[PDB]
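A short write-up of the structure that comes next.
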Amino acid sequence: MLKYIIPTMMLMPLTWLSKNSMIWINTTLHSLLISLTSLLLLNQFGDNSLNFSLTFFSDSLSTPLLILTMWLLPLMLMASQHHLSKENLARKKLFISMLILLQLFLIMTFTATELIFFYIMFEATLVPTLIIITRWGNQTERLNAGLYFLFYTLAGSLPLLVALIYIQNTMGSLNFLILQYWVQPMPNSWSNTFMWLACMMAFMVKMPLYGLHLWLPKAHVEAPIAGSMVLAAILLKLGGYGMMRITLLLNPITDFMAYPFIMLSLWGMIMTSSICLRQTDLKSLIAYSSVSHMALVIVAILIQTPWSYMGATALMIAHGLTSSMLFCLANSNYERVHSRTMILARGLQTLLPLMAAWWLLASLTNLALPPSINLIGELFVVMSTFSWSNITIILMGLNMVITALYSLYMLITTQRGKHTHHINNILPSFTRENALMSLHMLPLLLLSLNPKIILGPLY
Amino acid sequence: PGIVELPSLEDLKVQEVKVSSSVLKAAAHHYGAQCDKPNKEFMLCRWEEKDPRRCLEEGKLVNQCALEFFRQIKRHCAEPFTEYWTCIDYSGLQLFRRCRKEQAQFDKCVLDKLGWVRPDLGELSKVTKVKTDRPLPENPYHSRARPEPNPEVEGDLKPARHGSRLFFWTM
Ligand SMILES: CCCCCCCCCCCCCCCCCC(=O)OC[C@H](COP(=O)([O-])OC[C@H](O)COP(=O)([O-])OC[C@H](COC(=O)CCCCCCCCCCCCCCCCC)OC(=O)CCCCCCCCCCCCCCCCC)OC(=O)CCCCCCCCCCCCCCCCC
Ligand SMILES: CCCCCCCCCCCCCCCCCC(=O)OC[C@H](COP(=O)([O-])OC[C@H](O)COP(=O)([O-])OC[C@H](COC(=O)CCCCCCCCCCCCCCCCC)OC(=O)CCCCCCCCCCCCCCCCC)OC(=O)CCCCCCCCCCCCCCCCC
Ligand SMILES: CCCCCCCCCCCCCCCCCC(=O)OC[C@H](COP(=O)([O-])OCC[N+](C)(C)C)OC(=O)CCCCCCCCCCCCCCCCC
């Protein structure tokens, strides 16, 4: 994995030795080359993971997250170069450096063979993200957004450090390859109960769990667009990746300890989706939709059946692409009306027809339209939770009603109806913006032709 | 612990040297000359045994040899010695320097009638060798077995197995 870490590192001289006008072009070009190179991680086998070294490996779980991670960086650089056009050159290079450093931490968060190196990169992803949100955010509440984002995360993860060092001292190694073969059954005790909670609550925070989700609608709406894209697309999926690694060790206690965290998810995806029926802010609606979609991934990991893991990893990749596109579309309106209010600018299919087609496709992939990988992940989670308990289909099916009822409402409020009369700075769609929407949607649609590369280690 | 083992009262009875300190200090140099051998056997036994209970008999030899020192003064030179310890006995600090004429008379009468040379300045502070037949005490501190020390380090120092082994550092 050292053929991906060193090009990402070499993007630091590439953004700091460039001309004052070429720093977006060079970083976009070479990060697109790194994203093209990311497809060599598809050397996956039906029995063995792709094990590079003592430090780095990549199974079929980490590989789609890595391809999505290395693909998201040129897209964040395309989204972020408009609102940072008046920016100082040094601060512009600092923003590009924080995105590069965040990519560098993510691509060896997902490949960390050993779990405390996973912890160090997993908690190292805070600091560039914190700096991006609290420095290049727009409003007053970006500082409170950074405080909530930092102190839910570290409150969840500082027990995780102690739990991982306990596993290091007890088992002898936090190598995930050794812990596949030295895993012992975790019995029923209070020590093992708080062992389970210390292993899980960090990822429950970063997914987010319902009830712990309160950092997210502050951290998504107060971030800039590259921050919103990286929290939606990747930084929620650190929790899912970490759960799918750490629930190996947490058996058979999970089979009676996951009950409060499934209910909180199965009712919470009803609540947050319901919140999306009444959100006046468009970016907050996309944030609460992200909570609603990651609650299904929480249920699918906690029931730990194979169909559930396959649906959860397909749902993570699909939701990453879809929610990143939704934040980019909301940014496309915010760069024209300079307010995130969803009822402000209406009727925008008369004014931006092709951008309304991109809104339509992103709204259809939000509501899980088949055969998209959104519906593949949604459907497989619903199948495995029907296997879990037959009554859950109620809480599933009702959610699939409400997920439609805000996916099209967002389509009808922003793009349909009579347009706002007193708004006249509605420019035609830039080629940068349509390129950004197409680079989100066209991989999301091509992955319907071959979904087997985004279905985890147990396809 | 154990019973302390003391000698009886009959074991300690000996004919004491019942003279005053000025009588002793007046005869001190000739006592250090003539009564050398049992005194040094006793003080050697006293620093080697480190226990007075194992030094009584030699000590009795001291109390045997001092009295024969004084009787040999009493048989021959009782009156110049009597004047000399009286003159020593007058002073508070008991100065030898205030009594040099009685010292000269006592030393002359002793050297004539008994043939004793007074030790010079420096002789009585010498460290002398003592020929005894008593055994050397093999454990005068009544000590016991010292504990076994920890084993030392040996063997050639090989490198560390797989480096530091600190969570993920492969060196
Ligand atoms: C590996 C090779 C693969 C080759 C094949 C490609 C495979 C799929 C790739 C993506 C295909 C869709 C891309 C086009 C849509 C986005 C752009 C757009 O706005 O188009 C309008 C525009 C035409 O409009 P216009 O009149 O010029 O002006 C626009 C209007 O102003 C405003 O526009 P509008 O209002 O007129 O249009 C809105 C309308 C709205 O219509 C709809 O939304 C209705 C259609 C969707 C719902 C109903 C169907 C559900 C699925 C059933 C069909 C699939 C399965 C069938 C198989 C049998 C059964 C299983 O959109 C459409 O009709 C688009 C048709 C395609 C829709 C596909 C489904 C998207 C819905 C969301 C997800 C659904 C599940 C996933 C499906 C995955 C399929 C693979 O299109 C173009 O200009 C096309 C440009 C070139 C597109 C290239 C696409 C491929 C790129 C991949 C590159 C790399 C690989 C190389 C292959 C290249 C192939 C050429
Ligand atoms: C004929 C006689 C002469 C022949 C000469 C032939 C050779 C000529 C060249 C000689 C000079 C040395 C060149 C490098 C040798 C290979 C080192 C290497 O890649 O180790 C892989 C090392 C372990 O990978 P591996 O797959 O297990 O084994 C591959 C090797 O065989 C690993 O081999 P190993 O087992 O022997 O490695 C020992 C151990 C193996 O590693 C471990 O045991 C794992 C733990 C390592 C530390 C993890 C700490 C995590 C928490 C802190 C993270 C900080 C933030 C991350 C970086 C942010 C950017 C600043 O490494 C360490 O203990 C050293 C710590 C890492 C330093 C690596 C050397 C860097 C030199 C250049 C510095 C440039 C900035 C680097 C980034 C700064 C942070 C390091 O990878 C990492 O730890 C991940 C980070 C990447 C390493 C540094 C990349 C070096 C090239 C950078 C070029 C681009 C720079 C752009 C500007 C600066 C950044 C903004
Ligand atoms: C995000 C907000 C909520 C955060 C919740 C975080 C998880 C909740 C539980 C965390 C417990 C603390 C870490 C436990 C690590 C367990 C390691 C282990 O093996 O323990 C076995 C050991 C057992 O000891 P032992 O295993 O060494 O003993 C030898 C073995 N026997 C038992 C056979 C003798 O457990 C403990 O010692 C105590 C475990 C419970 C700890 C109670 C104190 C902490 C209380 C909860 C704090 C939660 C966060 C607070 C912050 C909130 C925000 C400000």
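In the structure tokens, chains take letters A, B, ... by order of appearance, with residues numbered from 1 within each chain and ligands from 1 in the order shown.
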Please report, as CSV, each residue of chain B lying at most 12 Å from chain A, together with the nearest pair of atoms and the separation in Å rounded to one decimal; use only C-alpha atoms, and order rows by chain and ascending residue number.
residue,atom,partner,partner_atom,distance
B:162,CA,A:54,CA,11.4
B:165,CA,A:173,CA,9.8
B:166,CA,A:173,CA,10.0
B:167,CA,A:116,CA,7.0
B:168,CA,A:114,CA,6.7
B:169,CA,A:55,CA,8.6
B:170,CA,A:54,CA,7.7
B:171,CA,A:54,CA,11.4
Restricting it to N, CA, C and O atoms, dump the selection as a short mmCIF file (atom, residue, chain, number, x, y, z; two decimals), in the first residue's frame.
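Ended up saving to result_16.cif:
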data_model
loop_
_atom_site.label_atom_id
_atom_site.label_comp_id
_atom_site.auth_asym_id
_atom_site.auth_seq_id
_atom_site.Cartn_x
_atom_site.Cartn_y
_atom_site.Cartn_z
N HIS B 162 12.63 -9.28 16.21
CA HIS B 162 11.65 -8.51 15.44
C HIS B 162 11.56 -7.06 15.90
O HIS B 162 10.50 -6.45 15.88
N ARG B 165 8.87 -4.49 18.99
CA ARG B 165 7.57 -5.12 19.28
C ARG B 165 6.64 -4.17 20.04
O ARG B 165 6.00 -4.55 21.02
N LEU B 166 6.57 -2.93 19.59
CA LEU B 166 5.71 -1.93 20.20
C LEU B 166 4.56 -1.67 19.23
O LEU B 166 4.67 -0.86 18.32
N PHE B 167 3.53 -2.49 19.34
CA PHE B 167 2.22 -2.43 18.71
C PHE B 167 2.18 -2.57 17.19
O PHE B 167 1.39 -3.36 16.68
N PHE B 168 3.09 -1.91 16.48
CA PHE B 168 3.17 -2.06 15.03
C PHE B 168 4.52 -1.68 14.47
O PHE B 168 4.73 -1.76 13.26
N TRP B 169 5.45 -1.23 15.32
CA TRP B 169 6.73 -0.78 14.81
C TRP B 169 7.58 -2.00 14.49
O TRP B 169 8.01 -2.72 15.40
N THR B 170 7.83 -2.21 13.20
CA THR B 170 8.56 -3.38 12.73
C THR B 170 10.06 -3.24 12.89
O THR B 170 10.79 -4.20 12.62
N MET B 171 10.55 -2.08 13.32
CA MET B 171 11.92 -1.96 13.80
C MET B 171 11.94 -1.47 15.24
O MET B 171 11.41 -0.40 15.54
#
#### Entry: Selection near residue A:108, 8 Å with only C-alpha atoms, sequence-local residues under 4 positions removed, as an MDAnalysis selection string
chainID A and resid 5 56 104 112 118 121
Those selected residues, please, written with N, CA, C and O atoms and delivered as a PDB file, in the first residue's frame.
ATOM      1  N   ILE A   5       0.454   5.545  -0.671  1.00  0.00           N
ATOM      2  CA  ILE A   5       0.758   6.501   0.381  1.00  0.00           C
ATOM      3  C   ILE A   5       1.773   7.526  -0.097  1.00  0.00           C
ATOM      4  O   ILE A   5       1.624   8.724   0.158  1.00  0.00           O
ATOM      5  N   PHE A  56       0.226  -3.171   6.194  1.00  0.00           N
ATOM      6  CA  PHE A  56      -0.905  -2.833   5.341  1.00  0.00           C
ATOM      7  C   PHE A  56      -1.453  -4.062   4.631  1.00  0.00           C
ATOM      8  O   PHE A  56      -0.692  -4.894   4.136  1.00  0.00           O
ATOM      9  N   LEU A 104      -4.533  11.026   2.972  1.00  0.00           N
ATOM     10  CA  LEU A 104      -3.399  10.220   3.396  1.00  0.00           C
ATOM     11  C   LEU A 104      -3.701   9.465   4.677  1.00  0.00           C
ATOM     12  O   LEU A 104      -3.284   8.317   4.841  1.00  0.00           O
ATOM     13  N   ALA A 112      -4.903  -0.417   7.558  1.00  0.00           N
ATOM     14  CA  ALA A 112      -4.162  -0.741   8.767  1.00  0.00           C
ATOM     15  C   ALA A 112      -4.433  -2.168   9.209  1.00  0.00           C
ATOM     16  O   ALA A 112      -5.548  -2.503   9.618  1.00  0.00           O
ATOM     17  N   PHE A 118      -4.830   1.401  13.189  1.00  0.00           N
ATOM     18  CA  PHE A 118      -6.175   1.799  12.802  1.00  0.00           C
ATOM     19  C   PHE A 118      -6.728   2.876  13.722  1.00  0.00           C
ATOM     20  O   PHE A 118      -7.341   3.830  13.245  1.00  0.00           O
ATOM     21  N   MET A 121      -4.711   6.311  13.002  1.00  0.00           N
ATOM     22  CA  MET A 121      -5.143   6.991  11.783  1.00  0.00           C
ATOM     23  C   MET A 121      -6.618   7.389  11.845  1.00  0.00           C
ATOM     24  O   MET A 121      -7.001   8.465  11.367  1.00  0.00           O
TER      25      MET A 121
END
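For ligand 1, the neighbouring protein, DNA and RNA residues, which are those within 8 Å when only C-alpha atoms and all ligand atoms are counted, are residues 353, 354, 355, 356, 357, 358, 360, 361, 362, 363, 364, 365, 368, 369, 370, 371, 372, 373, 375, 438, 441, 442, 443, 444, 445, 446, 447, 448 and 449 of chain A.
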### Message
Using only C-alpha atoms and all ligand atoms, which residues have at least one atom no more than 10 Å from ligand 3? Output them as a PyMOL selection string.
### Response
chain A and resi 151-167+169-170+189-206+209+211-212
Can those selected residues be exported to a file as a PDB file, in the first residue's frame so that it contains C-alpha atoms?
ATOM      1  CA  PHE A 151     -15.839  15.900  21.666  1.00  0.00           C
ATOM      2  CA  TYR A 152     -18.392  13.328  20.668  1.00  0.00           C
ATOM      3  CA  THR A 153     -15.634  11.510  18.795  1.00  0.00           C
ATOM      4  CA  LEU A 154     -12.966  11.544  21.491  1.00  0.00           C
ATOM      5  CA  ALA A 155     -15.514  10.728  24.194  1.00  0.00           C
ATOM      6  CA  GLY A 156     -16.422   7.673  22.147  1.00  0.00           C
ATOM      7  CA  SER A 157     -12.868   6.712  21.216  1.00  0.00           C
ATOM      8  CA  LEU A 158     -10.845   7.176  24.385  1.00  0.00           C
ATOM      9  CA  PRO A 159     -12.492   4.039  25.817  1.00  0.00           C
ATOM     10  CA  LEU A 160     -11.659   2.379  22.463  1.00  0.00           C
ATOM     11  CA  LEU A 161      -7.939   3.021  23.004  1.00  0.00           C
ATOM     12  CA  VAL A 162      -8.101   1.363  26.438  1.00  0.00           C
ATOM     13  CA  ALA A 163     -10.064  -1.589  25.026  1.00  0.00           C
ATOM     14  CA  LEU A 164      -7.573  -2.104  22.180  1.00  0.00           C
ATOM     15  CA  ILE A 165      -4.612  -1.970  24.572  1.00  0.00           C
ATOM     16  CA  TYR A 166      -6.452  -4.532  26.724  1.00  0.00           C
ATOM     17  CA  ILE A 167      -6.712  -6.811  23.670  1.00  0.00           C
ATOM     18  CA  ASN A 169      -2.085  -7.226  26.475  1.00  0.00           C
ATOM     19  CA  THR A 170      -4.470 -10.198  26.638  1.00  0.00           C
ATOM     20  CA  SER A 189     -19.881 -10.708  32.327  1.00  0.00           C
ATOM     21  CA  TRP A 190     -19.948  -7.045  33.259  1.00  0.00           C
ATOM     22  CA  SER A 191     -16.254  -6.713  32.403  1.00  0.00           C
ATOM     23  CA  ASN A 192     -17.002  -8.074  28.939  1.00  0.00           C
ATOM     24  CA  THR A 193     -20.098  -5.855  28.723  1.00  0.00           C
ATOM     25  CA  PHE A 194     -18.071  -2.683  29.167  1.00  0.00           C
ATOM     26  CA  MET A 195     -15.440  -4.287  26.935  1.00  0.00           C
ATOM     27  CA  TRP A 196     -18.128  -4.450  24.226  1.00  0.00           C
ATOM     28  CA  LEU A 197     -19.197  -0.855  24.859  1.00  0.00           C
ATOM     29  CA  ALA A 198     -15.618   0.437  24.743  1.00  0.00           C
ATOM     30  CA  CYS A 199     -15.088  -1.463  21.485  1.00  0.00           C
ATOM     31  CA  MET A 200     -18.311  -0.212  19.894  1.00  0.00           C
ATOM     32  CA  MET A 201     -19.255   3.288  21.124  1.00  0.00           C
ATOM     33  CA  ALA A 202     -16.516   5.068  19.142  1.00  0.00           C
ATOM     34  CA  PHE A 203     -17.915   3.680  15.929  1.00  0.00           C
ATOM     35  CA  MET A 204     -21.478   4.235  17.169  1.00  0.00           C
ATOM     36  CA  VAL A 205     -20.512   7.897  17.439  1.00  0.00           C
ATOM     37  CA  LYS A 206     -18.897   8.080  14.021  1.00  0.00           C
ATOM     38  CA  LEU A 209     -25.984   6.246  16.204  1.00  0.00           C
ATOM     39  CA  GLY A 211     -29.103   9.770  20.049  1.00  0.00           C
ATOM     40  CA  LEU A 212     -25.390  10.339  19.451  1.00  0.00           C
TER      41      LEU A 212
END
Need the shell around stretch 320-326 of chain A: protein/DNA/RNA residues with any atom at most 8 Å away, counting only C-alpha atoms. Skip same-chain ones fewer than 2 positions apart. Format as an mmCIF file with C-alpha atoms, in the first residue's frame?
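After the write, selection-v4.cif holds the following:
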data_model
loop_
_atom_site.group_PDB
_atom_site.id
_atom_site.type_symbol
_atom_site.label_atom_id
_atom_site.label_comp_id
_atom_site.auth_asym_id
_atom_site.auth_seq_id
_atom_site.Cartn_x
_atom_site.Cartn_y
_atom_site.Cartn_z
ATOM 1 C CA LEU A 68 -14.099 5.855 -3.106
ATOM 2 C CA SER A 228 -19.286 18.056 3.731
ATOM 3 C CA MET A 229 -18.263 15.640 0.963
ATOM 4 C CA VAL A 230 -15.619 13.951 3.089
ATOM 5 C CA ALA A 232 -20.747 12.285 4.099
ATOM 6 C CA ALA A 233 -18.764 10.086 1.760
ATOM 7 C CA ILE A 234 -15.940 8.607 3.875
ATOM 8 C CA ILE A 286 -29.108 15.893 3.566
ATOM 9 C CA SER A 290 -27.180 10.562 6.161
ATOM 10 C CA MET A 316 -21.906 2.534 2.516
ATOM 11 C CA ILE A 317 -20.361 2.961 -0.945
ATOM 12 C CA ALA A 318 -23.691 3.914 -2.525
ATOM 13 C CA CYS A 328 -22.655 19.233 -4.181
ATOM 14 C CA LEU A 329 -26.117 20.051 -5.580
ATOM 15 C CA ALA A 330 -27.030 21.994 -2.434
ATOM 16 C CA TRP A 359 -31.154 16.590 -8.946
ATOM 17 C CA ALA A 362 -29.545 12.009 -7.108
ATOM 18 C CA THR A 365 -30.650 7.145 -5.918
ATOM 19 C CA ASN A 366 -31.539 8.582 -2.501
ATOM 20 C CA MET A 437 -22.413 15.999 -10.781
ATOM 21 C CA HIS A 440 -20.600 11.580 -8.800
ATOM 22 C CA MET A 441 -23.462 9.953 -10.689
ATOM 23 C CA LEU A 444 -22.761 5.267 -9.116
#
### Query
Leaving out stretch 399-405 of chain A and any residue of its chain fewer than 6 positions from it, which residues lie within 12 Å of it when counting only C-alpha atoms, given as JSON, numbers by chain?
{"A": [265, 266, 267, 268, 269, 270, 271, 272, 273, 274, 275, 276, 277, 278, 285, 286, 288, 289, 290, 291, 292, 293, 295, 296, 363, 364, 365, 366, 367, 368, 369, 374, 375, 378, 379, 382, 392, 393, 411, 412, 413]}
### Query
So which residues touch residue A:125 within 10 Å, counting only C-alpha atoms, skipping near sequence neighbours fewer than 2 positions away, as a list in words?
residues 101, 102, 103, 104, 105, 106, 109, 119, 120, 121, 122, 123, 127, 128, 129, 130, 235 and 238 of chain A
### Message
Under the rule that only C-alpha atoms and all ligand atoms are counted, which of A:34, A:53, A:124, A:17 is the nearest residue to ligand 2?
### Response
A:53
